[PDB]
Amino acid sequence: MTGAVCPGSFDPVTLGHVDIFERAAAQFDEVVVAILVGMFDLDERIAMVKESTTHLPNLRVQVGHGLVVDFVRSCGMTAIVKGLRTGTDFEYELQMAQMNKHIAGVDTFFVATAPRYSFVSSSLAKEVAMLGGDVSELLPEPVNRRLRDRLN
C-alpha cells in the first residue's frame, strides 16, 4: 500500500494545489492532504479542500501538527509530494527535503504545476483578491464562493 502526503497551510487551496492533488492521487494508493496549522480558519480550509476534491475518492483531508515527517510516518507512509510553481522557494524546499530524509527517511517528490496554474499562490491570490482583482479562474469554485462572501 503506497501513500503520499501533500502538506501545506492551504489558506486558501488553489487550482495549483488541486492540480498536484490530482497527479498524486493518480500515482499513489492513498493521498492525505495535511493542513498545517491566516485568512480562513482551520475548519473553512478543511471544507474548501474537501469540496474541491470530491472527484478524488482515494484522497483524504486531515489536520496536521508538528513535523510533516512525523505526520507521514504515523499515517503509515514515507513519501511527501509537493508542487512547484513560479515563485516557489525551491532552494528552501530542497533544504527541507534533505533534512526530512535525514531525520526520518521520508522522500519528497516534486512535481511542476500546470502552466496555467503556475503563477497562483495562496498569498498572491489573497492579496490580489483584497485589492479588487479577479482571480476566480485560478481557484476552485468552493474557494471563490467563500472569497466573495468575505469581500462583501
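Residue numbers run from 1 along the displayed sequence.
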Coordinates absent for residue 40 in a third or more of other entries: no
Is residue 89 one of the residues left unmodelled in a third or more of the other entries compared? yes
Chain break class for residue 37 to residue 38, judged by how many deposited residues have no coordinates: 4 to 9
Out of 142-150 and 4-12, which stretch has the higher average CA B-factor listed in the record? 142-150
Averaging the C-alpha B factors as listed in the entry, name the stretch that ends up higher: 125-133 or 18-26. 125-133
Say you rank 108, 95, 62, 113 by Cα B-factor from the PDB entry; which sits at the top? 62
By the recorded C-alpha temperature factor, relative to the other modelled residues in its chain, which third is residue 118 in? lowest
Where the record places residue 50 (Cα B-factor, split into thirds across the chain): highest
Ranked by Cα temperature factor within the chain, is residue 81 in the lowest third, the middle third or the highest third? lowest
Chain thirds of CA B-factor: placement of residue 42: highest
